[PDB]
Amino acid sequence: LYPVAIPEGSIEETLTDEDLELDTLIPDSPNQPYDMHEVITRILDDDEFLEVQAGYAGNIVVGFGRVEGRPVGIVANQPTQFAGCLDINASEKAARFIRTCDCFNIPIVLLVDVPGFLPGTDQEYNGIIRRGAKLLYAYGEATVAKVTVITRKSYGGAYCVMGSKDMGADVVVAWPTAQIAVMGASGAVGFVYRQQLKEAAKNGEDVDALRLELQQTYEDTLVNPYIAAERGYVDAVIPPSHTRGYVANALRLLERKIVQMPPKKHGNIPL
Amino acid sequence: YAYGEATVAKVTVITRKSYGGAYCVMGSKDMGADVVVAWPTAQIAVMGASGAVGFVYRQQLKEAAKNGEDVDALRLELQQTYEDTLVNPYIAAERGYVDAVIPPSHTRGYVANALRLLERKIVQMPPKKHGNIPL
Amino acid sequence: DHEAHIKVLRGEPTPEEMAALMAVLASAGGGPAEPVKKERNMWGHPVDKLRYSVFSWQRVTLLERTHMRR
Amino acid sequence: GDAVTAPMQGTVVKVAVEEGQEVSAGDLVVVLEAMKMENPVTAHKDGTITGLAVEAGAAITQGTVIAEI
Amino acid sequence: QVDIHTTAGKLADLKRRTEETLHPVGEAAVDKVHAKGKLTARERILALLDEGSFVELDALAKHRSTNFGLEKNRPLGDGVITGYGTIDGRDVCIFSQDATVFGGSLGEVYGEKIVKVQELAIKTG
Ligand SMILES: *C(=O)CCCC[C@@H]1SC[C@@H]2NC(=O)N[C@@H]21
């Protein structure tokens, strides 16, 4: 640890201008990317980030930084590459980075904007199930402090993988732009209202307009952080500028953890 | 305390009533009961139906009184509806607080089979010098 | 008298230069001397997280010593 | 290799360069709509945009050469 | 209202929800507490903890019951305030129960919130 003088006052009193720049980072359009390094460098001390495997599987960013002098490992989805989907390579990258941090007692901070897994027969044939389960295993096994910040999307199985509460995330916070759902509204509506869309297709109604209206309703009702917050999968929904303060305060709280686990010789991680 | 701390195999058979805080004390699932079974006559509820209907459907019984209805007959009919709907093993079984509802004759077999399953348990608790039981 | 003093090894300041110097050095002092308020808290200490063989000698020389050393 | 290639199947929504323009690593080359994201494709190397082979609306496939530098 | 489909509008909506958590059954219930000369559950936490230290968990929780029409009335926080802070500079976990929400009676979500702060305290020592 480095010595750092902690600023006195609440998280809301200690906001800097660099913190306030997070409030406008997320584009209004759901399909506009942003560079996740803009978040990483603002939550880390001195903007100093040591990226690891920067040239590999750039859809996920991993590396070291300090929060109030404490070394932390970052694992963050990268919207500018493959829309931030998880894939085989990003899974194996993040999985071994997490296991190394956990071996050496380094806390992990996850920054989440993941739409799902990268679709494709090549991913299926090269073993996305088996090799993606490595990241689940690494995160579930890890007993360091685990903090999740959700910025925008956390859908489906990728929600589970990227630091869900029941996978043992110690603290989960979401930005107001977070979108936590089983699947995108287009797919969900095409399923939940299949009977109505086919009935409209019988009647010759404007099935496209109906589908778009149902999708708008589903997005406005469910594709947000608040259902998860209502069930306590998200511990707080916070203004983005609060993120640095929340992370530093949670890491201070979690600096000592005891987790009971069944006795084993060693585990049996997917290989 | 003694029930919660105990780490031996703990089996619960509910024969008829298990109300309120005494349901918690007498070997509830979330107090770490390994297997909870209930007879068909089990009655698992927050409180007896007279008190429950004295509370929910209060106001309704009071406007029945202001309208001059036979509020004692209404209170009886509400009691019966509450008893028939809720005062049974099945709401607890639906929430999995009861692992099975069984014919009473099955009790010896279920207990024997559960004790054989639970003959080896690992339960992990935080480290302490000792607990601080109420005294 | 066996304290190690500040020595002006070369140069001869006037009283006002000595006063300015010593005031600056004292303002540059390291603050409170040591964190005497530091308290023992062994909760979740890393040595408790390690797997030890049931016959491991590190149970004596690592685990036990870390708990018992004061 | 100097080829800038489509990282996935998508539709070209925007072209951010012109042939004969110089570009530097990280400069925006195209915007492809794929997976409901306006993914940027950016220059991997410094040089000049040559052979620009894309137009707005092009439903280009994965691996299609956008240009070479 | 800022367009709820914009990042700024979503942030404004979050601030609105947070404000609603300060008086989840309306301001007249807070008035009744003060008229009885009591503190609210929130004031009790803020008075015990060091000033500015409180971090709330599950502030936006709402109950999931649909029995006897409870689904018609879903106060924010379900009637308990939970979180952590410091007392004399040392971290503590805290819960405070709010008698103005259903008389402070324990529901499923109220209970789950207490269980979460219990687990946090037991985990962190
Ligand atoms: C139409 O709704 C868009 C189809 C693509 C949905 C995205 S693609 C990447 C994510 N992974 C997945 O399975 N669905 C998501």
**Distance between modelled label sites at C:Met18 and A:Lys264, nm, 7 Å Cα→Cβ extension** = 7.2
**Message:** Modelling each spin label as a point 7 Å along the Cα-to-Cβ direction, I'd like the C:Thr61/A:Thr221 distance in nm, to one decimal.
**Reply:** 6.7
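Mind giving me the FRET efficiency for E:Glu71 and A:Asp122? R0 is 41 Å, r the Cβ-Cβ distance, nearest 0.05 is fine.
On the way: r = 47 Å, r/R0 = 1.15.
Here the calculated transfer efficiency is 0.30.
Relative contact order for chain E: what is it in percent, counting Cα pairs under 8 Å that are at least 6 residues apart? Don't jump to the answer; show the numbers that get you there.
Working: 160 pairs, mean separation 27.1, N = 125.
Value for chain E: 22 percent.
What share of Cα pairs, in percent, lie more than 24 angstrom apart in segment E:14-125? Spell out each step's value before the answer.
Values: 1563 of 6216 pairs.
Considering segment E:14-125, 25 percent of its Cα-Cα pairs are separated by more than 24 Å.
Within 10 Å of each Cβ of E:4-12, how many other protein chain Cβ atoms are there on average? Don't skip to the end; give the middle numbers.
Details: counts 2, 6, 5, 12, 5, 2, 9, 9, 1.
For this peptide, the per-residue mean of nearby foreign Cβ atoms is 6.
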**Fill in**
The Cα extents of the protein assembly as shown along the principal axes, largest first and rounded to whole Å, are 99, 96, 63
**Prompt:** What base-10 log of the normalised intensity I(q)/I(0) is obtained for segment A:84-210 from the Debye formula, alpha carbons as equal point scatterers, at q = 0.13 Å⁻¹?
**Reply:** -0.61
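Give me A:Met36, B:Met26, B:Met125 ranked fewest to most by other Cβ atoms within 10 Å of their Cβ, as a rough exposure proxy.
Numbers: A:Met36 23, B:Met26 15, B:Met125 10.
The order, fewest Cβ neighbours first, is B:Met125, B:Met26, A:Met36.
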**Message:** Looking at the protein assembly as shown only, what percent of DSSP beta bridges run antiparallel? Nearest 5 please.
**Reply:** 60
**Message:** Using a 10 Å cut-off around each Cβ of peptide E:55-67, what is the average number of partner chain Cβ atoms that fall inside?
**Reply:** 4
**Request:** Can you tell me which of B:80-89, C:26-35 comes out highest on packing, and rank the rest after it, using the mean Cβ neighbours within 10 Å?
**Result:** B:80-89, C:26-35
**Prompt:** Remind me, relative contact order of chain B in percent, using alpha carbon pairs under 8 angstrom and six or more residues apart?
**Reply:** 29
**Inter-site label distance for B:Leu135 and B:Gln80 at 7 Å from Cα along Cβ, in nm** = 5.5
**Item:** Phi to ³J(HN,Hα) by Karplus 6.51 cos²θ - 1.76 cosθ + 1.60 over segment D:12-26, Hz, x for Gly, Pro
**Value:** 5, 8, 8, 10, 9, 9, 10, 4, x, 6, 6, 9, 10, 3, x
**Asked** By the gyration tensor of its Cα atoms, with a ≥ b ≥ c the square roots of the eigenvalues, what is the shape of segment A:1-132: rounded for a/c under 1.5, prolate for a/b over b/c, or oblate?
**Response** oblate
**Request:** Go through segment B:101-115 residue by residue and turn each phi into a ³J(HN,Hα) via Karplus (6.51, -1.76, 1.60, θ = phi - 60°); whole Hz please, and just put x for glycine and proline.
**Result:** 9, 10, x, x, 4, 6, 4, 4, x, 4, 4, 4, 5, 5, 4
**Residue with peak Gaussian network fluctuation, chain B [Cα springs, cutoff 10 Å], from B:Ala93, B:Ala64, B:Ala42** = B:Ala64
**Prompt:** What does the charge count near A:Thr14 come to, summing +1 for each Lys or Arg and -1 for each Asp or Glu among other residues with Cβ under 10 Å from its Cβ?
**Reply:** -3
**Euclidean distance of C-alpha centroids, segment E:57-94 and segment A:142-203, integer Å** = 23
**chain A - convex hull of the alpha-carbon atoms, volume per residue in Å³** = 148
**Fill in**
extent check for segment A:121-164: Cα max minus min per principal axis, descending, whole Å, gives 34, 25, 11
**Message:** With θ taken as phi - 60° and the coefficients 6.51, -1.76 and 1.60, list the Karplus ³J(HN,Hα) couplings across segment E:103-108 in order, rounded to whole Hz; mark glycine and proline as x.
**Reply:** x, x, 5, 7, x, 4
**Item:** Most fluctuating residue given options B:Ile14, B:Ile91, B:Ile122, as computed from a GNM of chain B linking Cα atoms under 10 Å
**Value:** B:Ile122
**Asked** Once amide H atoms are built 1.01 Å from N in the peptide plane, which residues 5 or more positions from D:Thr48, or in another chain, come under 5 Å H to H?
**Response** D:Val23
**Request:** Arrange B:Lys29, B:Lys66, B:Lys129, B:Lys121 by Cβ neighbour counts within 10 Å, fewest through most, would you?
**Result:** B:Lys129, B:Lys66, B:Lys121, B:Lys29
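Quick one: net charge of E:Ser105's neighbours, Cβ under 12 Å, K/R +1, D/E -1? Display every interim value, and only then the final one.
On the way: positive: none; negative: E:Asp78, E:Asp98, E:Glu108.
Local charge sum for E:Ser105: -3.
Please compute the average number of Cβ atoms from other chains found within 10 Å of each residue's Cβ in peptide D:56-69.
Details: counts 0, 0, 0, 0, 0, 0, 1, 0, 0, 0, 0, 0, 0, 0.
Per-residue shielding by partner chains comes out at 0.
Expected output is a single nm value to one decimal: the length gained when fully extending between B:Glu5 and B:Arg58, i.e. 0.36 nm times separation in residues minus the C-alpha distance. What is it? Display every interim value, and only then the final one.
Working: separation 53, 0.36 × 53 = 19.08 nm, distance 3.97 nm.
Computed gain between B:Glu5 and B:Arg58 is 15.1 nm.
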**Request:** Sort out for me the Cα centre separation of segment B:99-128 from segment A:11-71, rounded to whole Å.
**Result:** 51
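What fraction of the DSSP beta bridges in chain B is antiparallel, stated in percent and rounded to the nearest 5? List each step's numbers first, then the result.
Values: 1 of 10 bridges.
Percentage antiparallel, nearest 5: 10.
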**Prompt:** So what is the relative contact order for chain A, in percent, with contacts set as C-alpha pairs under 8 Å and at least six apart?
**Reply:** 18
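Computed from the coordinates by the stated procedures, all read-outs in this text should not be read as laboratory data. A quick note on method: Cβ atoms are made from the backbone with ideal geometry, for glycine too, and the neighbour counts reach across all protein chains shown.
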